[PDB]
Amino acid sequence: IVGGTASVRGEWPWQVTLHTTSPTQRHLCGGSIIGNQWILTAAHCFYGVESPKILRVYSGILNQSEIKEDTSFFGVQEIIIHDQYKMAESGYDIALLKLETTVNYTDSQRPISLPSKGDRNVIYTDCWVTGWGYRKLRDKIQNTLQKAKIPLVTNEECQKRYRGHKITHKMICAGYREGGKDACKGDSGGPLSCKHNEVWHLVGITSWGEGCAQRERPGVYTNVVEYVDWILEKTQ
Ligand SMILES: O=C(Cn1c2c(c(-c3cccc(Cl)c3)cc1=O)C(=O)N=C2)Nc1ccc(-c2nnn[nH]2)cc1
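Numbers given for residues start from 1 on each chain and follow the written sequence, which can depart from the numbering in the entry; residues without coordinates are excluded. Side-chain metrics rest on all non-hydrogen atoms present in the structure, leaving aside hydrogens and water.

The protein chain carries the name Coagulation factor XIa light chain in the PDB entry, which gives Homo sapiens as its organism.

Would you mind going over the packing of aromatic side chains with me for this structure?
Two aromatic rings, taken as a pair, are described by how far apart their centres are and by the angle between their planes. Between the rings of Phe, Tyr and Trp (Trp by its six-membered ring), a pair exists once the centres lie within 6.5 Å; its type follows the angle of the planes, with under 30 degrees stacked, over 60 edge-to-face, and the other angles tilted. Applying the stated criterion to the full structure yields 7 aromatic pairs. Pairing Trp12 with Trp128 gives two aromatic rings, centres 5.9 Å apart and planes at 40°, and the pair type is tilted. One end of the pair, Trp12, is in the loop between β1 (5–6) and β2 (15–20); the other, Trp128, is in strand β8 (residues 127–131), and 116 residues separate them in sequence. Think of it in three bands: residues with accessible area under 20% of the maximum for their type are buried, residues over 50% are exposed, and the middle band is partly exposed, with areas taken using a 1.4 Å probe on protein chains only. Of the residues examined, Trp12 reaches a relative accessible area of 7% and is grouped as buried. Here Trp128 falls in the partly exposed class, since its relative accessible area comes to 21%. Considering the side-chain rings of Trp12 and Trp200, the 5.3 Å spacing of their centres and the 75° angle between planes classify their relative orientation as edge-to-face. Of this pair, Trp12 sits in the loop between β1 and β2 while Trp200 sits in strand β13 (residues 199–208), and the two are 188 residues apart along the sequence. Following the ring pairs from residue to residue traces out a cluster consisting of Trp12, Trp14, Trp128 and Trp200. Put simply, a charge is over a ring when the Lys NZ or the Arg CZ is close to the ring centre, within 6 Å, and near the line of the ring normal, within 35 degrees. Cation over ring: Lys170 sits above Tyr227, and NZ or CZ is 4.3 Å from the ring centre. Starting at the N terminus, helices and strands are each numbered in turn, a helix being any DSSP run of H or I of at least four residues and a strand any DSSP run of E of at least two.

Would you explain the sheet that holds β13 in this entry?
Strand pairs in the sheet, formed through backbone hydrogen bonds, run parallel or antiparallel to each other. Two strands form a pair only when DSSP identifies at least two bridges running between them. Overall, antiparallel pairing links the 8 strands, which are arranged β1-β9-β8-β12-β13-β14-β11-β10 in an open sheet. Since the sheet does not close on itself, it has two edges, and those belong to β1 and β10 (152–153), each with one partner.

Whenever I open this one, the site of the ligand confuses me. Can you help?
Near the ligand you find 20 residues, and of these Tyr134, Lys185, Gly186, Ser188 and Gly209 are the closest. Residues adjacent in sequence count toward polar contacts only when both atoms are side-chain atoms; beyond that, a polar contact is any pair of N or O atoms within 3.5 Å, and within protein one must be able to donate a hydrogen and the other to accept it. One nitrogen or oxygen atom from the main chain of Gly209 is found 3.0 Å from an oxygen atom belonging to the ligand. Per-residue and other accessible areas were derived by the Shrake-Rupley procedure at a 1.4 Å probe size, with only the shown protein chains allowed to occlude residues. Relative to its free-state accessible area of 660 Å², the ligand is covered by the protein chains to the extent of 76%. Among the elements of the structure, β3 (26–35), β13 and β14 (219–223) are those that each provide at least two residues to the shell around the ligand. Residue ranges assigned to each domain were obtained from an automatic or database domain assignment. Lining the shell around the ligand are residues from two domains, each supplying at least three of them: domain 1 (1–12 + 112–226) and domain 2 (13–111 + 227–236). The near set for a molecule or strand comprises every residue that places at least one heavy atom within 4 Å of it.

So what exactly am I meant to see when it comes to the UniProt feature "disulfide bond" in the protein chain here?
Note on terminology: disulfide denotes any pair of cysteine sulfur atoms within 2.5 Å. UniProt positions are given in the numbering used here, feature names are shortened, and annotations may be inferred rather than shown by experiment. For the UniProt disulfide pairing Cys127 with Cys194, the two sulfur atoms lie 2.1 Å apart, close enough for the bond to be present in this model. One end of the pair, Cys127, is in strand β8; the other, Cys194, is in strand β12 (residues 191–196), with 67 residues separating them in the sequence. Judged by the 2.5 Å criterion, the disulfide between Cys184 and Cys212 that UniProt reports is present, the sulfurs being 2.1 Å apart. With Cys184 in the loop between β11 (171–174) and β12 and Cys212 in the loop between β13 and β14, the pair connects residues that are 28 residues apart, well separated along the chain. For the residue pair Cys184 and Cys212, the accessibility class agrees, reading buried in each case.

Sorry if this is basic, but what is going on with the side chain of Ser7 here?
By the element assignment, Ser7 lies in the loop between β1 and β2. Using a relative accessible area of 5% as the deciding quantity, one classes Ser7 as buried. Of note is the side chain of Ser7, whose polar atom sits 3.0 Å from the side chain of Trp12. Should any heavy atoms of two residues lie within 4.5 Å, those residues are counted as being in contact. If we skip the residues at most four places from it in the chain, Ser7 touches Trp12, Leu62, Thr144, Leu145, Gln146 and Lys147.

I tried to follow the nonpolar core on my own but got confused; where do I start?
It is characteristic of soluble globular proteins that their nonpolar side chains tend to be buried jointly. The nonpolar core is taken to be a set of buried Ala, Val, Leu, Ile, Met, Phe, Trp, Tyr and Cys residues, with the residues joined through side-chain atoms within 4.5 Å. Membership of the largest hydrophobic core comes to 43 residues, with the highest contact counts inside it found for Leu18, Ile34, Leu40, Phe46, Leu55, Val57 and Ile231. Put simply, the parts of the chain that give this core at least two residues each are β2, β3, β4 (38–41), β5 (55–59), β6 (76–81), β7 (95–99), β13 and α2 (228–235). When residues of this core are assigned to domains, at least three map to each of domain 1 (1–12 + 112–226) and domain 2 (13–111 + 227–236). Residues in contact with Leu55, not counting those within four places in the same chain, are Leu18, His19, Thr20, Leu28, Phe46, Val49, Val76 and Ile79. Counting 13 residues, the second-largest nonpolar core is a separate cluster that includes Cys127, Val129, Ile172 and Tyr221.

Can you help me understand the sheet that holds β3 in this one?
Within the open sheet, the 6 strands sit side by side as β5-β2-β3-β4-β7-β6. Their pairing is antiparallel. On the outer flanks of this sheet lie β5 and β6, each paired with one strand and no other. Strand-to-strand, the axes of this sheet are offset by a mean angle of 35°, without reference to chain direction. Where β6 and β7 come together, 5 bridges link them in antiparallel fashion. The residue of β7 that forms the bridge with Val76 is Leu99. Lines fitted to C-alpha atoms define the axes, with helix axes restricted to the stretch in contact, and inter-axis angles between N-to-C directions lie between 0 and 180 degrees. Each of β3, β4, β6 and β7 touches α2; the most contacted strand, β7, lies at about 25° to it.

If you want it as structure tokens, here you go:
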């Protein structure tokens, strides 16, 4: 996260850190708890992942440095990538992780609601991106989970900034005209969380952008409301 600030313990309890353990253990991507056995994340996180056997899902993490050889994690039973996914910039950047057991929900590990039936025309004004990603284009994974408030942009404005890409109704964009706050490398798969009537909804999945926090280059997110039918089909 560029231009963000440290989170506190318990602040974003649907946020997970997805680790690979091949060839060494590291943070790969963010993800969001959407059900007791379900993480919603980005398909592009699994490029070069040989199988779910090497993945670990950690919940209730504030600092990456909390994770030690005895820290409990959820195994991943299945990675469900959207069957039309080809590359982040061409859309369908969405994946479900089915966990090997159920999360018992606590103060540290809670689900986020999908965007709700009847809210397709809500204008979200309170949207936050979170993650352990770089704070600039050439940086490192951050220890402490970062947060940044970012305004949604119209698909029309977003398409005008990305004339070499197809910005579709299945994407949502967010950023400041003068840049400075954005997702960056290692935030992919994490949430764009929007609060409406004091309820959080998982509006976006961090997907791609041109650099990080550049002027007139908003971040591009998977538009979760356009995948609710796909999520319910896969999870039922
Ligand atoms: O960069 C990635 C994958 N990614 C991308 C992009 C973005 C991205 C950039 C700007 C806005 C938005 Cl909404 C997304 C995030 C993002 O996470 C991108 O535009 N193109 C790729 N993953 C990643 C993980 C980990 C290390 C890493 N590990 N150790 N050191 N670095 C290094 C990169």
